[PDB]
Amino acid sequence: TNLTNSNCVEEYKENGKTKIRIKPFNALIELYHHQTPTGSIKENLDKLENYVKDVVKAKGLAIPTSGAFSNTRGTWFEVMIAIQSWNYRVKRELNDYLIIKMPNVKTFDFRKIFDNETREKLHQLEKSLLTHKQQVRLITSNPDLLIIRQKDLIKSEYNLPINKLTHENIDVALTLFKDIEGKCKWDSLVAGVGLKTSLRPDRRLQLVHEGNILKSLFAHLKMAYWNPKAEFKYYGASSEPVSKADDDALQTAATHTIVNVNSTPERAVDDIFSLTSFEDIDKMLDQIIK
């Protein structure tokens, strides 16, 4: 019952008023410092939410808003996937694959992953797209997970599994991206994944935009290197059931692949996964990689 000394919430000052802030990572640690989560993802998210809700209540404080939990639930789901993806490549012994949880585009633009030769190809494109009366760009939010196949990137440190959630464990999973800055050959990036706790008819179109933009960058790289064999695939994943409507929407073409009558149409999002249990995270990775 010692909820009163929890640190999953945090008081702070704003306009002479004490304000409340959820600490999402702290909530993870306090519930999982002995054992990372198992069973139903959706149920674990609610357990985390009802924990903080009990911490505030016993502390005498105001309930955080629905917006605060949306932000927080998004992080819980991402950290859960990241950690389970870290452990997947260990127990499967995939010594040439990395599954990386990416930060936001300002912290680390995903194009920074690539080597010099490829970063300049992309810069040739970027620069040429601005050299017109009407300036154009190619912008999107960072993919949530990147799957990279490149042997020389794996170090022995990565083969140690994460059995418990600590500030230090979460930090290595969430800074792994740093190790690969500059080192990737263009055709080593093999897939990306967009993660959402839930979908909505509007928010689900964000996955399509993302895949469309990434594949467009990649189609350009296929051309510059004149390599028709290399592929980049993009995927969505939800913590809820995926309806038929969600399915139809996520069948939307990568529009540059439908210009001519003889082109093979390509989907922007190759597939959408409904992650009910942690087991399903393993199942999804099986399809993506193999």
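Don't overthink the numbering: it's just position in the shown sequence, from 1.
- Higher average CA B factor: 55-63, of the stretches 240-248 and 55-63.
- According to the PDB record, 178-186 carries the higher mean C-alpha B-factor of the two stretches 76-84 and 178-186.
- Residue-level inspection of the entry shows that, of 219, 191, 130, 207, 130 has the top Cα B-factor.
- Looking only at 212, 197, 166, 142, the residue with the top Cα B factor in the deposited structure is 166.
- Residue 150: CA B factor in the middle third of modelled residues in this chain (values from the PDB entry).
- For residue 273, the recorded CA B-factor ranks within the lowest third of the chain. Only modelled residues enter the ranking.
- Sort the modelled residues of the chain by CA B factor and residue 284 lands in the lowest third.
- When the modelled residues of the chain are ordered by C-alpha B-factor, residue 19 sits in the highest third.
- Placement of the Cα temperature factor of residue 68 within the chain: lowest third of the modelled residues, per the deposited record.
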